[PDB]
Amino acid sequence: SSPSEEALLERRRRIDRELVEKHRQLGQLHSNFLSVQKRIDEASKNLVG
Amino acid sequence: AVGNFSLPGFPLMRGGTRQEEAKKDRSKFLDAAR
Amino acid sequence: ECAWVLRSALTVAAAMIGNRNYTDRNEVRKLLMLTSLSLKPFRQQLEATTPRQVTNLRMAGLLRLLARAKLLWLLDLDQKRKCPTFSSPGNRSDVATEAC
């Protein structure tokens, strides 16, 4: 219960909350990569059609 | 059009011997969302 | 060795033209798995948005000179059949099929 472990647990809350924010940032950005790519695929089918 | 219409970009997959052995299609539908 | 030189010309000529890898086709299939109402991407793999490139003008001409080198290999030994170790009958069909 020293503030060496209190600042350790403060780093536990800070870094884990930032990594769950970054993991959702990977999720949304990689989703948008598919969002434009399926519009490229639909643009391909529409334009050769 | 009067009534129900679908929108592009919404999750609408499908629903309901050899034709109901295709229960696995729902399985990779839920797998694709995870 | 002339067939090997024209081979190395053919391999680099395709490398200059280049292809796209398409490593994400399974996952665009997973996006169309739930958005589109079609049952098509269920049992079928999602194809390429743009296909592979074309055999070009001189890149096809390099195939023609590879054909001329392999056929001249076939017929120089045919007119020099005095030595029996010149293009055994198994290779007689083999170089003649794949040259032409």
# chains A, B, ... in the order shown; residues from 1 in each chain; ligands from 1
call {"tool": "closest_atom_pairs", "arguments": {"of": "chain C", "to": "chain B", "cutoff": "12 Å", "atoms": "only C-alpha atoms", "output": "Markdown table"}}
result
| residue | atom | partner | partner_atom | distance |
| --- | --- | --- | --- | --- |
| C:26 | CA | B:32 | CA | 10.5 |
| C:27 | CA | B:32 | CA | 8.6 |
| C:28 | CA | B:32 | CA | 10.5 |
| C:29 | CA | B:32 | CA | 9.3 |
| C:30 | CA | B:32 | CA | 5.7 |
| C:31 | CA | B:32 | CA | 7.6 |
| C:32 | CA | B:9 | CA | 9.3 |
| C:33 | CA | B:29 | CA | 6.8 |
| C:34 | CA | B:11 | CA | 5.0 |
| C:35 | CA | B:11 | CA | 4.9 |
| C:36 | CA | B:12 | CA | 7.3 |
| C:37 | CA | B:13 | CA | 5.9 |
| C:38 | CA | B:13 | CA | 8.0 |
| C:39 | CA | B:13 | CA | 8.1 |
| C:40 | CA | B:13 | CA | 11.2 |
| C:41 | CA | B:25 | CA | 10.5 |
| C:42 | CA | B:25 | CA | 7.0 |
| C:43 | CA | B:25 | CA | 8.9 |
call {"tool": "residues_around", "arguments": {"residues": "residue 92 of chain C", "least_positions_apart": "5", "cutoff": "9 Å", "atoms": "only C-alpha atoms", "output": "PDB file with C-alpha atoms, in the first residue's frame"}}
result
ATOM      1  CA  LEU C  74      13.805 -29.261 -82.046  1.00  0.00           C
ATOM      2  CA  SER C  87      16.128 -34.731 -77.995  1.00  0.00           C
ATOM      3  CA  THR C  97       3.956 -28.823 -77.515  1.00  0.00           C
TER       4      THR C  97
END
call {"tool": "atom_distance", "arguments": {"atom1": "atom CA of residue 49 of chain C", "atom2": "atom CA of residue 39 of chain A"}}
result
10.5 Å
call {"tool": "interface_residues", "arguments": {"of": "chain A", "to": "chain C", "cutoff": "7 Å", "atoms": "only C-alpha atoms", "output": "count of residues only"}}
result
4
call {"tool": "residues_around", "arguments": {"residues": "residue 68 of chain C", "least_positions_apart": "5", "cutoff": "9 Å", "atoms": "only C-alpha atoms", "output": "list in words"}}
result
residues 63, 73, 99 and 100 of chain C
call {"tool": "write_last_selection", "arguments": {"atoms": "N, CA, C and O atoms", "output": "JSON list (two decimals), in the first residue's frame"}}
result
[["chain", "number", "residue", "atom", "x", "y", "z"],
["C", 63, "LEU", "N", 7.31, -14.07, -76.19],
["C", 63, "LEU", "CA", 6.81, -15.44, -76.22],
["C", 63, "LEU", "C", 7.02, -16.07, -77.59],
["C", 63, "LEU", "O", 7.24, -17.28, -77.71],
["C", 73, "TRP", "N", 15.60, -25.51, -81.56],
["C", 73, "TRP", "CA", 16.20, -26.59, -80.79],
["C", 73, "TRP", "C", 15.69, -27.94, -81.26],
["C", 73, "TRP", "O", 16.43, -28.92, -81.32],
["C", 99, "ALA", "N", 6.55, -25.15, -76.98],
["C", 99, "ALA", "CA", 6.98, -24.05, -77.84],
["C", 99, "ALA", "C", 5.81, -23.41, -78.56],
["C", 99, "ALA", "O", 5.66, -22.19, -78.56],
["C", 100, "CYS", "N", 4.96, -24.23, -79.18],
["C", 100, "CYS", "CA", 3.87, -23.69, -79.97],
["C", 100, "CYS", "C", 2.68, -23.33, -79.09],
["C", 100, "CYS", "O", 1.74, -22.67, -79.54]]
call {"tool": "atom_distance", "arguments": {"atom1": "atom CA of residue 7 of chain C", "atom2": "atom CA of residue 58 of chain C"}}
result
13.6 Å
